[PDB]
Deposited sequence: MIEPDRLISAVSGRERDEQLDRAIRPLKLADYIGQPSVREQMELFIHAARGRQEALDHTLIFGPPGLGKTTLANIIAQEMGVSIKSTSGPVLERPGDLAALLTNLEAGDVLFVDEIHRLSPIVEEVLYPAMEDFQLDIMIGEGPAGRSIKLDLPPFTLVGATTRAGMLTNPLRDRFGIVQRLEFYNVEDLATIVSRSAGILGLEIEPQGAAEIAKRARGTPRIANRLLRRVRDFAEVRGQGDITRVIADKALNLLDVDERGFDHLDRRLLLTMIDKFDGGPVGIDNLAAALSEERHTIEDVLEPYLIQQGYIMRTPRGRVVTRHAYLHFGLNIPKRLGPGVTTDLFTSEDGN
């Protein structure tokens, strides 16, 4: 009863990514080689970890999962690399958070299948072929050397509402739930472009339907459930609305720099930049400028506020 895709045939709504990865995986298997190192980037919840695990599943190999911050010293990486079997996937989430010195170990491992680490003497060791799968919230914060060493680069974008409905409908089928097409669309419309949120919202709407309705997912059941969850009709939660209202109230709409906003919210810089902003920017509620972030007129309109008429 698991809803996370395990094979590439169940990876809905990124047709270019799936058609490309199907091809490169089939070719690499055909040669009995490891897949070329693969970089997957885009906002969180889009399916980067999911895709990393599908790669290992379709290649028929093991995946060791790790993260940038988990690797404090070069030897932390070296121990993972020397425990890999030939063809295994080494998945490094948040790969941009590798310290500059730990990332230096990665260049010859990826390029030459060799480990070159200091201990002061340098030691050089042969590594078996393997696939480094890196993921990051967007590729621009990688160094040129690391970025250029990936042979395959996949870009994940926010999903459109029709593909989210398809994912919601498929998950409701796997969960054994009756769902009307308009119920799938109501969740999809308010799921913030993300399959992770759409699936989580489906699980909570199912609870509402089972305790308060008749067990099946309808548009009205979905709406009431999402209202109870405090997710509005654009998919904004309490933090999204607080971000916009802080910019409007405390900063007159902006421009406001990212440090000022993080302080005024008591959130970290990276959660604004990576978790909150990218959907709000894609949908036209916030703009970046060299002087800072500004809200657009659509942020005012969304809350039923008068649009200010001033000068910049």
- [ ] Give the ranges of the deposited sequence, numbered from 1, for which the structure holds no C-alpha coordinates, in sequence order.
- [x] 1-21, 141-145, 339-352
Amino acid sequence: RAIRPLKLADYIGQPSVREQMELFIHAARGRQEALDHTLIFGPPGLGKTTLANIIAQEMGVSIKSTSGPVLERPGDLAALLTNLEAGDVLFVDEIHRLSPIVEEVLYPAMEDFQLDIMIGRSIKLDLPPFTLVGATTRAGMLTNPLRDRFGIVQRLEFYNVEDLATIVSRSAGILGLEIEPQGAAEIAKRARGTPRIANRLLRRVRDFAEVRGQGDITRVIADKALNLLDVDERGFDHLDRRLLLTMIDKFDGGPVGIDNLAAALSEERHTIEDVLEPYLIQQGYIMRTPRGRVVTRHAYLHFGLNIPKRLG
From here on, numbers count along this sequence of modelled residues.
Task: Segment of higher mean CA temperature factor, 266-274 or 239-247 - done: 266-274
Open item on the list: Per the record, averaged over C-alpha atoms, which has the higher B-factor: 52-60 or 23-31?
Closed with: 52-60
Task: Top residue by Cα temperature factor, when 195, 213, 145, 183 are compared in the entry - done: 145
Task: Member of 74, 173, 151, 134 with the greatest C-alpha B factor (per the PDB record) - done: 74
TODO: Report the third (lowest, middle or highest) to which the CA temperature factor of residue 99 belongs, ranking only the modelled residues of the same chain.
DONE: highest
Task: Assigned third (lowest, middle, highest) for the C-alpha B factor of residue 208 - done: lowest
Open item on the list: By the recorded C-alpha temperature factor, relative to the other modelled residues in its chain, which third is residue 155 in?
Closed with: middle
TODO: For residue 84, return the chain-relative third of its C-alpha B-factor as stated in the PDB record: lowest, middle or highest.
DONE: highest
Task: residue 114 - which third its CA temperature factor falls in, relative to the rest of the chain - done: highest
